[PDB]
Each structure stands twice: as C-alpha cells, then as structure tokens.
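In what follows, a single structure is set out as structure tokens and then discussed.
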Amino acid sequence: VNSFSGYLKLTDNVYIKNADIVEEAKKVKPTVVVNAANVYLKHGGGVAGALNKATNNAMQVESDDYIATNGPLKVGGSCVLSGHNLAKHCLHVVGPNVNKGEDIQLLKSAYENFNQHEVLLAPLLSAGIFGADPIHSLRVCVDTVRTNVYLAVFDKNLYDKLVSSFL
Ligand SMILES: Cc1nnc(CNc2nc(Cl)cnc2N)n1C1CC1
C-alpha cells in the first residue's frame, strides 16, 4: 500500500491522474519524482521549469554543479539528484525533444531509467514542450516500465483523451 490517491489504474503497474506534478509531489513526498530534463539540466520551462520554481531554484543550483563536474547527460539518459522539498530524490530523465529533431526511438531508452526505481511519480516523457505525441508516450511507458509508476497529466483535456484512447 502507498499514499498515491485518486489514480486510475491502466495496467498492473501503471496509474494515471489529472494533476499538477508539483502539487502532487508536495502532498505525497514520494521517494522519487521524475523531471522532464534536458541534457544540460537547464530547467527553464515545462515540467522542469515548474519543479525548479517550486524548489526556489535550488534544483537549478544543484544541477549546475552536477553539469560542471560531469558534463551533459545523454538523450535517453538520466541522473539521480536531490528531490529538495518535493521528494526524497529527483530522477532527471532526458526524453528526445522532437522540436530539436531527436530520434523518437530514444523514448524507450528514456523510460528504461524508471525500472531502476520501485515506485515513481512522473510526467509523460517527451510530451508537452518536448513535442512528442502524448498518446505514443503513454504506450511506450506501459510497454517499457515494469516498476510502479504514477503518471501526473496537467491538462484535463489531454488526460481524458489519454484514458479514452488507451488500449
Ligand atoms: C500538457 C501536459 N500535461 N501534463 C504535462 C506534463 N506533466 C506535468 N507538467 C506540469 Cl508543468 C505539471 N504537472 C504535470 N503532471 N504536459 C506537458 C508539459 C506540456
């Protein structure tokens, strides 16, 4: 039993809710919140911008030190950093950004990072300002992630479409 509330069950291990991931993280304080990161960990907008703002920019400060030491992430890759006031840990995962021309096949590699964590609160990777079809992202999630994932979808209209079209 865990503390996630109000989710619709899609599969054995994938759950979905219309929610603001920031507000959901603040209430649940999950072990892991996933950030929709880019390779530079520049958290300017979308989910990343929202999460970083909620940490009062502490996420960005930590991220800048990470990059200065380690260099950029790979598209499809990830790193574990602090969850600050939102979670124990933040798993920064880089899905391909279609608006930069990155290969959508890398979306499966991106979701594979979730399998290193037993339970996660997450957005749909490569959705929103990353330009991919969220219906496709949900399908890849369900077909790739085997650990327990709680998906937060900000947009109510999109949430309803994802549920109604789910096979
Ligand atoms: C549309 C849409 N609906 N949900 C998402 C991603 N998930 C979340 N993003 C935020 Cl900013 C807050 N809370 C979330 N759960 N998107 C993408 C970024 C454009």
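Residue names in the structure tokens use chain letters A, B, ... in the order shown, residue numbers from 1 in each chain, and ligand numbers from 1 in the order shown.
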Discussion item. If you run DSSP on the backbone here, which positions in stretch 36-149 of chain A get helix (DSSP H, G or I)? Please write them as a VMD selection string.
Written reply: chain A and resid 46 to 54 58 to 70 98 to 100 106 to 116 128 to 130 134 to 144
Discussion item. Neighbours of ligand 1 at 9 Å or closer, counting only C-alpha atoms and all ligand atoms: which residues, as a ChimeraX atom specification?
Written reply: /A:17-24,36,45-51,121-131,134,151-159
Any chance you could export the current selection's N, CA and C atoms as a CSV table (one decimal), in the first residue's frame?
```csv
chain,number,residue,atom,x,y,z
A,17,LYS,N,-3.4,10.1,-13.4
A,17,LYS,CA,-4.2,11.1,-12.7
A,17,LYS,C,-4.1,12.5,-13.4
A,18,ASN,N,-5.2,13.2,-13.5
A,18,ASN,CA,-5.1,14.6,-13.9
A,18,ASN,C,-4.7,15.4,-12.7
A,19,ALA,N,-3.4,15.9,-12.7
A,19,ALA,CA,-2.8,16.5,-11.6
A,19,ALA,C,-1.6,17.3,-12.0
A,20,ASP,N,-1.3,18.4,-11.2
A,20,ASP,CA,-0.1,19.2,-11.3
A,20,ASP,C,0.9,18.4,-10.5
A,21,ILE,N,2.0,17.9,-11.2
A,21,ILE,CA,3.0,17.1,-10.6
A,21,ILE,C,3.7,17.9,-9.5
A,22,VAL,N,3.8,19.2,-9.5
A,22,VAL,CA,4.3,20.0,-8.4
A,22,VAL,C,3.5,19.8,-7.2
A,23,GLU,N,2.2,20.0,-7.3
A,23,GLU,CA,1.2,19.9,-6.2
A,23,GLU,C,1.2,18.4,-5.7
A,24,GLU,N,1.2,17.5,-6.6
A,24,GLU,CA,1.2,16.1,-6.2
A,24,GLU,C,2.5,15.7,-5.4
A,36,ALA,N,11.3,16.0,-16.3
A,36,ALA,CA,11.4,16.0,-17.8
A,36,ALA,C,12.6,17.0,-18.1
A,45,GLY,N,11.5,25.6,-18.4
A,45,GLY,CA,10.0,25.6,-18.7
A,45,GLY,C,9.5,24.2,-18.7
A,46,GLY,N,8.2,24.1,-19.0
A,46,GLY,CA,7.5,22.9,-18.9
A,46,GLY,C,7.6,22.3,-17.5
A,47,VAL,N,7.6,21.0,-17.4
A,47,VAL,CA,7.6,20.4,-16.1
A,47,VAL,C,8.9,20.8,-15.3
A,48,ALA,N,10.0,20.8,-16.0
A,48,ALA,CA,11.3,21.1,-15.3
A,48,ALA,C,11.3,22.5,-14.7
A,49,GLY,N,10.8,23.5,-15.5
A,49,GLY,CA,10.7,24.8,-15.0
A,49,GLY,C,9.8,24.9,-13.8
A,50,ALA,N,8.6,24.2,-13.8
A,50,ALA,CA,7.7,24.2,-12.7
A,50,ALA,C,8.3,23.5,-11.5
A,51,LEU,N,9.0,22.4,-11.6
A,51,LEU,CA,9.6,21.7,-10.5
A,51,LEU,C,10.7,22.6,-9.9
A,121,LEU,N,6.7,8.9,-9.1
A,121,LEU,CA,5.8,9.9,-9.6
A,121,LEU,C,6.4,10.5,-10.8
A,122,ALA,N,5.7,10.6,-12.0
A,122,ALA,CA,6.3,11.0,-13.2
A,122,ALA,C,5.4,11.7,-14.1
A,123,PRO,N,5.9,12.6,-15.0
A,123,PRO,CA,5.2,13.0,-16.2
A,123,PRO,C,5.4,12.1,-17.4
A,124,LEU,N,4.6,12.3,-18.4
A,124,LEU,CA,4.8,11.6,-19.7
A,124,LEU,C,6.0,12.2,-20.4
A,125,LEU,N,7.0,11.3,-20.6
A,125,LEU,CA,8.3,11.8,-21.2
A,125,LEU,C,8.0,12.2,-22.6
A,126,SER,N,8.7,13.3,-23.0
A,126,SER,CA,8.7,13.8,-24.3
A,126,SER,C,7.4,14.5,-24.7
A,127,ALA,N,6.5,14.6,-23.8
A,127,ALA,CA,5.2,15.3,-24.0
A,127,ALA,C,5.4,16.8,-23.8
A,128,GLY,N,4.3,17.5,-23.9
A,128,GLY,CA,4.4,19.0,-23.7
A,128,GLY,C,5.3,19.6,-24.7
A,129,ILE,N,6.2,20.5,-24.1
A,129,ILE,CA,7.1,21.3,-25.0
A,129,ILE,C,8.2,20.5,-25.6
A,130,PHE,N,8.3,19.2,-25.3
A,130,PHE,CA,9.2,18.3,-26.0
A,130,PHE,C,8.7,17.8,-27.3
A,131,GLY,N,7.4,18.0,-27.6
A,131,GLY,CA,6.9,17.9,-28.9
A,131,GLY,C,6.4,16.5,-29.4
A,134,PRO,N,1.6,12.6,-26.9
A,134,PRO,CA,1.5,12.0,-25.5
A,134,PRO,C,0.8,10.6,-25.6
A,151,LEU,N,1.5,8.4,-13.0
A,151,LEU,CA,1.7,9.5,-14.0
A,151,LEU,C,0.7,10.6,-13.7
A,152,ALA,N,1.3,11.8,-13.7
A,152,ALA,CA,0.5,13.1,-13.5
A,152,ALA,C,0.4,13.8,-14.8
A,153,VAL,N,-0.8,14.1,-15.3
A,153,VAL,CA,-1.1,14.8,-16.5
A,153,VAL,C,-1.7,16.1,-16.1
A,154,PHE,N,-1.0,17.2,-16.4
A,154,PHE,CA,-1.5,18.5,-16.0
A,154,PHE,C,-2.8,18.9,-16.7
A,155,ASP,N,-2.9,18.6,-18.0
A,155,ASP,CA,-4.0,19.1,-18.9
A,155,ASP,C,-5.2,18.2,-18.8
A,156,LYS,N,-6.4,18.7,-18.3
A,156,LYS,CA,-7.5,17.8,-18.1
A,156,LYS,C,-8.0,17.3,-19.5
A,157,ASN,N,-8.0,18.1,-20.5
A,157,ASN,CA,-8.4,17.7,-21.8
A,157,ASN,C,-7.6,16.5,-22.3
A,158,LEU,N,-6.2,16.6,-22.1
A,158,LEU,CA,-5.3,15.6,-22.6
A,158,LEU,C,-5.5,14.3,-21.7
A,159,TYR,N,-5.7,14.5,-20.4
A,159,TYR,CA,-5.9,13.3,-19.5
A,159,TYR,C,-7.1,12.5,-20.0
```
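In this model, the gap between atom CA of residue A:107 and atom CA of residue A:119 comes to 19.4 Å.
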Item to complete: Select, from A:112, A:133, A:118, A:64, the residue with the minimum atom-to-atom distance to residue A:99, counting only C-alpha atoms.
Response: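 The answer is A:133, which sits nearest to residue A:99.
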Worksheet item: Near residue A:63, within 9 Å and counting only C-alpha atoms, which residues show up once chain neighbours fewer than 6 positions away are dropped, as a VMD selection string?
Response: chain A and resid 40 to 43 81
Residues of the last selection are to be written out with C-alpha atoms, as a short mmCIF file (atom, residue, chain, number, x, y, z; two decimals), in the first residue's frame.
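Full text of out37.cif as output:
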```cif
data_model
loop_
_atom_site.label_atom_id
_atom_site.label_comp_id
_atom_site.auth_asym_id
_atom_site.auth_seq_id
_atom_site.Cartn_x
_atom_site.Cartn_y
_atom_site.Cartn_z
CA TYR A 40 22.14 20.47 -19.80
CA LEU A 41 19.75 20.26 -16.82
CA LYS A 42 18.58 23.78 -17.71
CA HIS A 43 15.17 23.81 -16.04
CA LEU A 81 19.79 14.23 -7.66
#
```
Discussion item. Set the distance at 12 Å and use only C-alpha atoms: which residues neighbour residue A:1 once local chain neighbours fewer than 3 positions away are removed? I'd like the list as a PyMOL selection string.
Written reply: chain A and resi 4-5+119+148
Item to complete: From stretch 114-162 of chain A, collect each residue whose DSSP state is strand (DSSP E or B) and return the set as JSON, numbers by chain.
Response: {"A": [119, 120, 121, 122, 148, 149, 150, 151, 152, 153]}
What does the file look like for those residues with C-alpha atoms, as a PDB file, in the first residue's frame?
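Dumped to part_29.pdb:
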```
ATOM      1  CA  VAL A 119       7.921   3.448  -7.293  1.00  0.00           C
ATOM      2  CA  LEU A 120       7.914   6.821  -9.096  1.00  0.00           C
ATOM      3  CA  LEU A 121       5.774   9.903  -9.610  1.00  0.00           C
ATOM      4  CA  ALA A 122       6.337  11.007 -13.205  1.00  0.00           C
ATOM      5  CA  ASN A 148       5.160   1.094 -10.261  1.00  0.00           C
ATOM      6  CA  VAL A 149       4.639   4.436 -11.988  1.00  0.00           C
ATOM      7  CA  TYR A 150       2.121   7.129 -11.055  1.00  0.00           C
ATOM      8  CA  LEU A 151       1.674   9.465 -14.026  1.00  0.00           C
ATOM      9  CA  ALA A 152       0.532  13.056 -13.497  1.00  0.00           C
ATOM     10  CA  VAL A 153      -1.054  14.763 -16.511  1.00  0.00           C
TER      11      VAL A 153
END
```
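Put simply, atom CA of residue A:27 is 15.3 Å away from atom CA of residue A:90.
Closest approach to residue A:101 among A:132, A:144, A:113, A:53: A:132, based on only C-alpha atoms.
Atom to atom, atom CA of residue A:55 and atom CA of residue A:67 stand 18.3 Å apart.
Considering only C-alpha atoms, the residue among A:28, A:10, A:145, A:135 positioned nearest to residue A:161 is A:135.
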Worksheet item: Counting only C-alpha atoms, what is within 9 Å of residue A:8, bar same-chain residues fewer than 6 positions away, as number ranges by chain?
Response: A: 14-17, 163
Create the file for the chosen residues now, containing N, CA and C atoms and written as an mmCIF file, in the first residue's frame.
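Just written: selection.cif:
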```cif
data_model
loop_
_atom_site.group_PDB
_atom_site.id
_atom_site.type_symbol
_atom_site.label_atom_id
_atom_site.label_comp_id
_atom_site.auth_asym_id
_atom_site.auth_seq_id
_atom_site.Cartn_x
_atom_site.Cartn_y
_atom_site.Cartn_z
ATOM 1 N N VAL A 14 0.951 0.606 -13.934
ATOM 2 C CA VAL A 14 0.868 1.987 -14.388
ATOM 3 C C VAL A 14 -0.477 2.576 -13.979
ATOM 4 N N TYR A 15 -0.406 3.756 -13.371
ATOM 5 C CA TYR A 15 -1.536 4.512 -12.855
ATOM 6 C C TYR A 15 -1.466 5.926 -13.417
ATOM 7 N N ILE A 16 -2.616 6.599 -13.546
ATOM 8 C CA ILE A 16 -2.662 7.925 -14.167
ATOM 9 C C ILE A 16 -3.687 8.818 -13.471
ATOM 10 N N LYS A 17 -3.371 10.116 -13.397
ATOM 11 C CA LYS A 17 -4.235 11.100 -12.747
ATOM 12 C C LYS A 17 -4.084 12.451 -13.443
ATOM 13 N N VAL A 163 -6.983 8.556 -21.424
ATOM 14 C CA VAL A 163 -7.781 7.470 -20.853
ATOM 15 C C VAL A 163 -8.695 6.871 -21.912
#
```
Worksheet item: Between A:86, A:58, A:68, A:79, which is the closest to residue A:29 once you count only C-alpha atoms?
Response: A:86
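Among the candidate residues A:167, A:26, A:116, A:92, the one lying nearest to residue A:66 is A:92, with distances computed using only C-alpha atoms.
Minimum distance to residue A:109 across A:82, A:70, A:137, A:165 (counting only C-alpha atoms) occurs at A:137.
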